[PDB]
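Coordinate analysis (summary)
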Amino acid sequence: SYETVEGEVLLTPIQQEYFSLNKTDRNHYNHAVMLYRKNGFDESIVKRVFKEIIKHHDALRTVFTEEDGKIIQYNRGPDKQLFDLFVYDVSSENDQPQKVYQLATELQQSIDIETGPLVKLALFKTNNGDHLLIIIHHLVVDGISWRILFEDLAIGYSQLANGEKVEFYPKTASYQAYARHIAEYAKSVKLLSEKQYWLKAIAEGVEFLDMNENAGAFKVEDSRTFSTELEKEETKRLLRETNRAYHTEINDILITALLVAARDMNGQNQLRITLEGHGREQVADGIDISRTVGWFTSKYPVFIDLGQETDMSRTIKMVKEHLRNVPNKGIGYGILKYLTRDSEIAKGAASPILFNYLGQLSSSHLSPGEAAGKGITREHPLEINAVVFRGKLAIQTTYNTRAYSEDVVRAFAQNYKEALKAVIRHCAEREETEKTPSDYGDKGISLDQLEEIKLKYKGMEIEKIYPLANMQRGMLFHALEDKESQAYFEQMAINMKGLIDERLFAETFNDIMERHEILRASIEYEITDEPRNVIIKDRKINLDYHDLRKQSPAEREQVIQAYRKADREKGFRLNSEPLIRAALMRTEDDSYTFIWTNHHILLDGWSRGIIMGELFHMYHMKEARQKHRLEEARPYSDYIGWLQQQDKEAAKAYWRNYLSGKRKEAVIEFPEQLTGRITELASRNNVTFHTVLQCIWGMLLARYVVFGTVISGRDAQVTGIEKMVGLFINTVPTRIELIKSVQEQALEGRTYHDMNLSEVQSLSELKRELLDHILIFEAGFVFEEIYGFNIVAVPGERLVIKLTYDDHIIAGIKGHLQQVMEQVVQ
């Protein structure tokens, strides 16, 4: 999909930063590489490869022109001057390194942004090989872009030398499209939600080293660079046996050493630095730039304040956590500063130091010259670059002479090396690996809060921690609001007939626990700010097995009913105790009684049936010595993560406008023809059977309006929802060709069927008086099964409606039901 772009392109924030800092001597600031080929460079081939390279990476042709102080960036067409190629013969000089350097430096300052092409070349010829110089202005290339250029040139040169036409890989999204993409993202509400974060990162300035106030503008001519290194032994410890202490990365240790060094000399536990990101991860789902050539570097500040904490074991954790809390990898700050132009953002203090860790690591031996001008202004007095060349960490320290003296910077570099060694030895000698809140998936937990959760659940390994779903949160809030501690219990008794191996049933039961993590979850609401699901790794639940075969069935039933009464009396204390309890008692040889109790938070009735079915399937596979066949279970955390993904402020808007205004049972069976007739009416109107029956109930309510309907809550766009275990059941209110009109009412709420009823009625005038009732629509061993106003309807050949009320009025309810479901059909 090769294309070509031409015309105005918006300035990316990195480009806008370049023009703001550099107002004079902006002509030459380049990215230069020297290459050596033993057999020599064919002048015909190199000028043809670069001709195709430039028109394939359209950023290289762009031009920056000025109009009364404003900068307009234009992308030139392929027909204009693409590059300048110069060829030199330094074979006979006998002082080639001197001659090539002076030639390369002169050509490196010849770039005119307004007129000249931004790519210029210099081929040097020697009797012992040829050298090619590639100079590209930094406004159209970065570190990753040159890696792309090298691959295309290597493929292009090899294939062109073999006679074939040059054809590169298909072009990705243009830099012009990328610039317009981030500019559109500049006014998105998602980015503007990060203003308070970046305000904190720039609110205060760090004194750091003693700086000369009269340094003026920091420049390249006033900047010196020296490097310090760690020996191989200590560098080996950092790479291998350091990250294991707290599950950190190499960048965490180096940044921590920066704070430790500043802590020892400045006395403050606060440090502000600027970090460089490659800026190639898409901010919003859309344009990708995997192969696009351009300047995608994104700079953002990070301000770390540890208060009074000096225990460096704690320091490493909270420094790692602070780096884990940067939103969108820091791309937001650059967009917010230059594309949104927030005045508060533009007034932040300058970061005293710029830090960047490149990572781990034919080429020519001749220098390419100075790639930057002496008049180029640099916004950071200090720059630190850390690289491991062979096996040793080389710390390249760049400082401005006018800002800091040489001895001061070398002193800072030396004790930063000492501070780094202090951090390395602390992690190397660490015995046990300490997990961090970001490692558990929830970075909203403080270090102390995690320790209390660990302390509360001591003796148990925590697997994952994530917040409760809004369905679970509503359940817990009225669970603490004691409703006699009876509405939160789901207790059933299921007897089964057959010969059961006790260990296999327990093992099959435990395999269910591992399969569904929510059953192993314990609710935490006191330690954390919000209720949070704490999942224990090896949390088992004991299936207490008592035989009691040798007694009368009436005597057995007395013990069975006593246990059902006794365990219901116990309740759920939520004191770090499992919320699932099951008992297996053996009435006789092939007749058991299995009772199951659970808290409403963990699962619903739909999930309850799934567990029983999976338990039935897996156990029989155990008997046959054949592995079970079953779909992979999707974690309940994925649904919660999706739930937190989409915003529900519009969901609140949806419901607020919608709302503007002794146990007895009875069974009603209708003729099969009557049930069949209304089903035909639903099909002809393209209206669901749920919708048509809602209208028939709604019209009656007008004579006595909005009523409550129970929904599975399993329509979310998460894979495997229908077969995953969790709390998805919900009751939602519905307000009432009429069947067609409310048919689209159901689909409008389909997107917003995820919030609890208690918060929906808060948007209503009647509040708790909104709903008076609910409407419900429905060799081994074998199974067998044994509000105060709810209505249940069961479809089938004959319509059956079961109504429970906690007397002749009931007859009147039935009589009017059948009389009104007759006139409309005819």
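Residues numbered from 1 in each chain as written, not as in the entry; some residues may be left out. Heavy atoms only, no water.

- As annotated in the PDB entry, the protein chain carries the name Bacitracin synthase 3 and is attributed to Bacillus licheniformis.

**What to know about the overall build of the protein chain**
- Each helix and strand counted, the protein chain has 25 helices and 27 strands in total.
- Relative to the 2.2 N^0.38 estimate, which gives 28 Å for 826 residues, the radius of gyration of the protein chain is 36 Å and therefore markedly larger than a compact globule would have.
- Dimensions of the protein chain, computed from the C-alpha atoms along their principal axes, are close to 115 × 65 × 55 Å.
- Across the 826 residues of the protein chain, 50% fall into the buried class.
- Between the mean site of the 104 positive side-chain charges and the mean site of the 123 negative ones, the protein chain shows a separation of 1 Å. (Helix = DSSP H or I, 4+ residues; strand = E, 2+ residues; numbered from the N terminus. Rg over C-alpha atoms; globule rule 2.2 N^0.38 Å. Buried < 20%, exposed > 50% of the residue type's maximum accessible area, 1.4 Å probe, protein only. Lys, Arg positive; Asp, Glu negative; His and termini not counted. Charge placed at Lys NZ, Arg CZ, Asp CG, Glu CD.)

**Structural notes on helix α21 (residues 672-684)**
- In this model α21 runs 19 Å from its N-terminal to its C-terminal C-alpha over 13 residues, within 8% of the 18 Å that 1.5 Å per residue would give.
- Taken as a whole, α21 has its buried residues at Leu674, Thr675, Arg677, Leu681 and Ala682. Around the axis of α21, the buried residues are gathered within 160 degrees of arc, so they sit on the same side. Residues of α21 that are exposed and angled more than 90 degrees away from the buried face: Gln673, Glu680 and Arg684.
- Residues of α21 that are buried in the fold lie against α22 (689-703).
- Just past α21, the residue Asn686 takes up positive phi, approximately 55 degrees. (Expected span 1.5 Å × (residues − 1). Arc of directions from axis to C-beta. Contact = heavy atoms within 4.5 Å.)

**Remarks on the packing of aromatic side chains**
- Considering all chains together, one arrives at 36 aromatic pairs under this definition.
- Between the aromatic rings of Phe616 and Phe783, the centroid separation amounts to 5.3 Å while the plane-to-plane angle is 50 degrees, which identifies the pairing as tilted.
- On the basis of relative accessibility, which here comes to 27%, the residue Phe783 falls in the partly exposed class.
- Through a chain of ring-to-ring contacts, the aromatic side chains of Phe505, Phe509, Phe594, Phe616, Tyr619, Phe781 and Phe783 assemble into a single cluster.
- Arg410 extends its terminal NZ or CZ atom over the ring of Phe226, reaching a point 4.3 Å from the ring centre.
- Positioned above the aromatic ring of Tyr440, the side-chain terminus of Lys435 is 4.5 Å from the ring centre. (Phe/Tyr/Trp six-rings, centres within 6.5 Å; stacked < 30°, edge-to-face > 60°. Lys NZ or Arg CZ within 6 Å of the ring centre and 35° of its normal.)

**Observations concerning the sheet that holds strand β21 (residues 664-669)**
- Strand order across the open sheet formed by six strands is β21-β27-β26-β24-β22-β23, with mixed pairing between neighbours. Every interior strand has two partners, whereas the edge strands, β21 and β23 (730-735), have only one. The sheet shows a mean angle of 25 degrees between the axes of neighbouring strands, taken without regard to direction.
- One ladder, built from six bridges, connects strand β26 (residues 789-794) with strand β27 (residues 800-805); its direction is antiparallel. Residue pairing for β27: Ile791 is matched across the bridge by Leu803.
- The strands touched by helix α25 (residues 808-820) within the sheet are β21 and β27, with β21 carrying the most contacts at an inclination of about 20 degrees. (Pairing = 2+ DSSP bridges. Axes fitted to C-alpha atoms, helices over the stretch in contact; angles between N-to-C directions.)

**A word on the domain arrangement of the protein chain**
- Taken domain by domain, the protein chain consists of domain 1 (7-178), domain 2 (201-435), domain 3 (447-642) and domain 4 (648-778 + 787-820).
- Just the C-alpha atoms count here: the centres of domain 2 and domain 3 sit 49 Å apart.
- Listed per partner, the contact involves five residues of domain 2 and four residues of domain 3.
- Inspection of the region where domain 2 meets domain 3 yields two salt bridges.
- The closest approach of N and O atoms between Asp448 and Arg314, which form a salt bridge, is 2.5 Å.
- At the junction of domain 2 and domain 3, the tally comes to one residue pair in polar contact.
- Considering only residue class, the side of domain 2 that touches domain 3 consists of one nonpolar, no polar and four charged. (Domains from an automatic or database assignment. Salt bridge = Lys/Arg side-chain N within 4 Å of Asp/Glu carboxyl O. Polar contact = N/O pair within 3.5 Å; in protein donor to acceptor, adjacent residues only side chain to side chain. Nonpolar A, V, L, I, M, F, W, Y, C, P; charged D, E, K, R; others polar.)

**Section: the environment of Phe168**
- In this structure, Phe168 sits in the loop between α4 (143-161) and α5 (175-186).
- Residue classification places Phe168 among the buried residues on the basis of a relative accessible area of 9%.

**Quick look at the sheet that holds strand β11 (residues 353-360)**
- Read from one edge of the open sheet, six strands run β8-β13-β12-β11-β9-β10, paired in mixed fashion. Of all the strands in the sheet, just β8 (223-229) and β10 (298-305) have a single pairing partner and so form its edges. In this sheet, neighbouring strand axes are inclined to one another by 25 degrees on average, regardless of whether the strands run parallel or antiparallel.
- The pairing of β11 with strand β12 (residues 382-388) spans seven bridges and is classified as parallel. When the sheet's bridge partners are listed, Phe355 is paired in β12 with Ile384.

**Considering the pairing of strand β9 (residues 270-277)**
- Across the eight residues of β9, seven count as buried, placing the element largely inside the fold.
- Direction of pairing for β9 relative to β10: antiparallel, over a ladder of eight bridges. Its bridge partner lying in β10, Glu276 is registered against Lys299.
- Bridge count for β9 against β11 is two bridges, and the pairing is parallel. Pairing of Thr274 across the sheet is with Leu354, part of β11.

**With respect to unusual backbone geometry**
- One non-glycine residue with positive phi stands out, namely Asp68, at about 55 degrees.
- Mapped onto the fold, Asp68 is located in the loop between β3 (62-67) and β4 (70-75).
- In this structure, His247 is a non-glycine residue whose phi angle is positive, near 55 degrees.
- When you line up the elements, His247 lands in the loop between α8 (232-240) and α9 (250-266).

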